[PDB]
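Let us start with two forms of the same protein chain, each given on its own as C-alpha cells and named structure 1 and structure 2.
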Structure 1
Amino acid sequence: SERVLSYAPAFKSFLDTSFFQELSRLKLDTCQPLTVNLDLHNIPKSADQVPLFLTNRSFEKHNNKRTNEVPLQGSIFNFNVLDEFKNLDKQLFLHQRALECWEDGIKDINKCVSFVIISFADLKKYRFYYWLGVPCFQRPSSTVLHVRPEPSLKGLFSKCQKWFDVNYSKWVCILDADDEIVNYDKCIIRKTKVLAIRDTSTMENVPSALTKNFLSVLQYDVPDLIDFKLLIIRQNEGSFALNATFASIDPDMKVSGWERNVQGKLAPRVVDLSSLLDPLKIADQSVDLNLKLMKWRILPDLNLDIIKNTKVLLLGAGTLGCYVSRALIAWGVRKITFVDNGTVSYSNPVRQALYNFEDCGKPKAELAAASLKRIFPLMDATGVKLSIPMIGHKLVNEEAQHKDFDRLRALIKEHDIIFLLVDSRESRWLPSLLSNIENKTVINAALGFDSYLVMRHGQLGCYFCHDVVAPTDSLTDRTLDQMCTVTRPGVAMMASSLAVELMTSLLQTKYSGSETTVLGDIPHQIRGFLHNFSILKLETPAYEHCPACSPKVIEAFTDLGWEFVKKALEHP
C-alpha cells in the first residue's frame, strides 16, 4: 500500500506578447519584481499544473486579483550580453533563490513560494530568450517521505477548500484542538498532526513540487514529528488524503525547479516575435495580401510567384525606368537592377518619378535603387553606373569600353527579363543582341512626343528587323525613339504600364491552341497615340537580313565576339 511521494512541476509558463513588449519598453527606457494572479479553479482537464500567466502588467504594482485568485510574487533578471545569459550557473542561480525562499519560509511558511525568470532580449531581431524557474528546495536532501492513501473525507476537503479560497495569501493550513482550520503553527501541528497544502498540480496522486518546500520547513520546525497526515487540497475533485511518515536515506539541500522547454528539455525557451512586432515584416505581409486577396476574389488562376521571382534588369533609369520600376514593384517584383550612366539633373524630378530636388548631381542609377528601398525596404534594388556604347560612333577608350561590354553581359545574364528603356535606336543594338545571344525576354519601350511603342523580342521579329516609323510619316510621329525624352508626360506613364502589364500576361501559361493567358492577350507590339487616344497591336516576323537577330549576325558575334562587336559599333 505504501510508496514514496513523487512530485510534478508546480507551474507552466504562458508569456504573452505584451510581456515581451513591456520588457523591451523597459530596456530602452538589473532585477525586476513581477506579480501574477493564479487561478486554481480555472484548470483545463488537459494541463498538469496551474498556468502562470505573464503579461505587460506582471511588471506592475497594482494588479487586481479576482475573488479566489492567489497573488504570487516573482522576479525577472535581464541580461544585456547574450553570452552572460548562456554562461550563467543555472544551478547556482536556482540555489541562490531557493535559499532566499528558505530564509522567508523559516519565518512564515507561507512565503517560501515564488518564481523567477532569466532572460536576454534581442530587440533588433525581436528574439527573446527566457527560462522560468520555480525554487523548490528539499532539506535535508536525504529525508524522503513514505506515504499511504486514506479514503476521502469530502467533508474535511470542502472545509480546506473554502479556507484557502478565503485566505488567499496562505499555502498551508492545519487543525486546532477543536478541529478547525487555522494558520500553520509549529506547536499546534506538533500535536494535531494534520497539514493541508494548497496544491497547484492536477497530476493524479502527484502533488506540486512545491510540497517539498513546506515539508522542509515542517521538518525544521518540528524535528521530532515523524508521523502526520498530509492533505493535498485541489479546487475540484482530486484532493486526496495521505498517511505520512518521514524516512531518511543516508544539512544538505537539493534544489530543482527549472521549466522544461517546448521541445521537452531542460533549457531556455526562445520566442521570435518579429513576424508580429517588426513593422517592416508586418508591412511586407500586407503588400503580399493585397495581391493574394486580389487573386483570391477576382482571378484565382493568376500566378503570382512567377512574377514575384522574376529578376528584372532595367536599362535606363529615366522617365521610363522610374515608371516601370514602380509598376513592377506593385506586381510583387523584388529583384530590380538599374543601369544608367547619367546623374540626376534639375529638370528630372518633375518628370522621372523616382528623384527629388535634394538628390541632384548625384549618380542617377544608384539613386533609383536607393529610392525603391525607401518605398519598400525589402526590395533587392541595385544601381550600376554603366554606359551602353552606340552604333555609328567612333570607339573611345576601347579598354574601358570593352569592360563596359563585358559588364553589360554579366548583367543581361544574371537576370530573367530585360527592359530596354533607352533614348535612341543607337543604344538599343548592343543590348538587344546580347540579350538574344543569352536567351532573355526583351521588352522595348520607345517614346515619341505624341505616341509610344512597346514590344517584345523572340519566330517573332525584333526592334531592328523592320523599321518602326516610315519617312513619309507624320512630323509628330517620326519623333518616336528619336532621342525624344521630353514628350507629353502622359506618354511615358502609358508606355511604362503597358510594358509591365505585357510582361505579366506574357509570364503566364498560354492556353493550348490560342495566344492568350489568364491575364489576356500577349501582343508582339503595342502602339498608342495620344492625339486621338488609340492603340494598335501589330505583329511582325523575324526579318532575314536584320542587323541584329539575323542568323548571319548571331554567327558573327558567336565566332568573333568583341572584334565583331567593335567593328559593328564604328561602322557608319
Structure 2
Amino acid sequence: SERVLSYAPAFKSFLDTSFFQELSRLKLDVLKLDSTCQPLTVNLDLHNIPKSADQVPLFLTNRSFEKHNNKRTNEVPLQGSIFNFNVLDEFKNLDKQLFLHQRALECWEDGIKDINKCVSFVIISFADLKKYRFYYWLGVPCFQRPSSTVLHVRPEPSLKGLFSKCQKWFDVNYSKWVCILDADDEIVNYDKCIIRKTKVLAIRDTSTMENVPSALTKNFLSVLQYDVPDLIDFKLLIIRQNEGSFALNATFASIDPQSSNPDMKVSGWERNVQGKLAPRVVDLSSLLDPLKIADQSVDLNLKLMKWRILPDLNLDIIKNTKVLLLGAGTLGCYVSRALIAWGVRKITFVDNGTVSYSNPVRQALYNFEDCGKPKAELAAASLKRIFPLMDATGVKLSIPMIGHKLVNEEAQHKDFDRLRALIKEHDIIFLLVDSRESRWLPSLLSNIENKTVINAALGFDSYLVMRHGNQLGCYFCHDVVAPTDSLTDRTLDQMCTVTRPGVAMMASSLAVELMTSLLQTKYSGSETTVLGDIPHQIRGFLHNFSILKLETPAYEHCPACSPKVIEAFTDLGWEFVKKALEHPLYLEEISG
C-alpha cells in the first residue's frame, strides 16, 4: 500500500451460567473477604469461529476452574486467571490500566523464555450472590515493547501455498502460537538464530477480521524485536483456520525511539457491544434464583392455556386483581388455592378466629402444629410457604353479625372502618363467612364501594355461588331458599351446620372459575366470555350431583342494596349501621 499495521481484539468472552455457579460455590466456602486469584483454562476452537464474530470465542464454564480438564484435537489451551473481589469498591477503584500492564509484564517475562508462552487472559470480578448479579471484565494483555515500535506493512500475495502447511502444522502443535521457515522453506519451531537468517514468521491468528490480525500479534513482535534487535524487514504470515489467511511484507518502524530500559504500551480490555471500554454486569436471577425460576415456570403454565387453547384469554387482569377473602375457614382456604393456581398475587385474608383441633382436616391451609394460632395471619403465611412471591396478608378482624347487640362500640367501630378500608383497597371481594348474619355488613359496604362480590354459602349437601356485580340482585334481594324447602336445603348458610366435606371444595372451585370468567371481556349481546357463561347465581346439590344456574333482579326493598338503604348510609354513616345491627326491624323501615 503501504499501511501501518492495526489490530483486532483477540477474543470474545462468553460466560456460561455454570461459570457463575462454580464461582459462587467457591465464594460461599470462604468467609475472609480478601480479594483472591485463581488460574483459569479455556480450550480455543479456532476451527469454529461463528460468522458474526470477529475473533475466537473465549468460553468460561465451571470447567475453566478445574485445571486442564482434558482437551480435544486441534484445540488450543489458553492459560488465564480470575481475580475475584469481595468488596465492590476494590473492583470499582482498581486502576484497570495499571492492572492490565502488570499482567503484560508477567507475559513478557514468560515470553522471553519461550515466545509461545507470552499469551494469557484475565477476568476481574465481583459477585453479588443475594441478587444473583455478577460483575466482570475480560482483559487480554496485548503488549508493544517498546511502545515506540510500530509495523509498516504491505501485501505479499506470493507466499500463498505456504498457508496450508502452517494451518496443518498449527493443528498438530497445539501449544504453539508461532512458527518459522528454515533454509528449505519448511516449517519449524521459533528459534532466534534461525529466524535472524530466514526472516519469516507465522502467527496463529485469533481474529477473523479481513486483513486485520489479532492484537496478540503485538506480543510476538515485541519478543521477536528483543531476540533480534537489528531485524528491520521480514515476511509475516497471518495463519487462520478459514480461507482468510494472508501474508505481509513487514518493516519495523519507530516513533520517538528512546535510548538505552524499554517502556511498554498495553491494550486489551474487552469492550461491550456499545463499543465502550466498560465492565459487564449481569443479572442471572432468572437462571439461577429458585424463587424467580418458579415464578417463571408458573407464568409459563398459565400462558400455555392461552397459547394452546384460549388465545383470547386475559391472564394478566387476573394476576393483578387484588382479592380480599372475607373468611379463612374451609372456603377461604380452598378459594385461595384456586386463586394462586390462576396467578392471583395479592390475596388478603380476614378472620377473627383461631385454628382449632378439627380445622386442619377441613381447612386446607393449616397443619396440626398450627392449632391455637390466629387464622388470618397464619393463612397468609401458609400461602407464602407455598409460593413466597405471594403478597399474602392476614388481618384479624371481627365482622359484626346483624341482629346482635354490640359488645364494644369503640372496638367494633374500629373494626368497621378497618373493614371498609380493606374493601376500597381491593378489587374483588369473596364473602366466605360462616352464616348470613355476618354477611350483611360486607354486602352493604361492597354495594357502596361498587365492588364485584362473589358470595359462597354452604348447606349440609348444598352450596350457593353468586355475584352482585358492578341490575343483578345481591345475596339479600331475595330469600335464598323457600321456607317450604327440604330440611337439608335450609341448612344453607346456617352457623350451626356440619357439611359434607366435598361441598366446600365444589363451591370454592366454582366461585374462582366464576371470577376469572367474569374478569374477561363479555361477547356482543350474550352473557358469555372466552371462559364460558357468567351466571348470576349457581346452586348445587351432592345428593343428586346436580347444578342449577339462575338469575335475580335487584329488589326495591332489599335490606342491603335498596336505594333507600344506601341513602341512609352515606348520610348517617356508622350511626345508621349501629341501629341496623341492633334493631333489624328498623332496617326494614328504611328499605320499605
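So that the term is clear: the rigid core is the largest set of C-alpha atoms that superpose within 1.5 Å between two forms. Numbers given to residues start at 1 and step along the sequence of structure 1.
Fit the rigid core and compare the CA positions between the two structures: of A499, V422, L132, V312, just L132 moves by 2 angstroms or more. Rigid-part rotation between the two structures: 11° for the smaller part relative to the larger (C-alpha based, whole degrees). Here the rigid core is superposed, and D122 then shows its C-alpha moved by 1.3 angstrom between the two structures.
Aligning the rigid core between the two structures leaves the CA of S158 offset by 8.9 Å. Taking the core as the fixed frame between the two structures, we note the C-alpha of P71 moving 4.8 angstrom.
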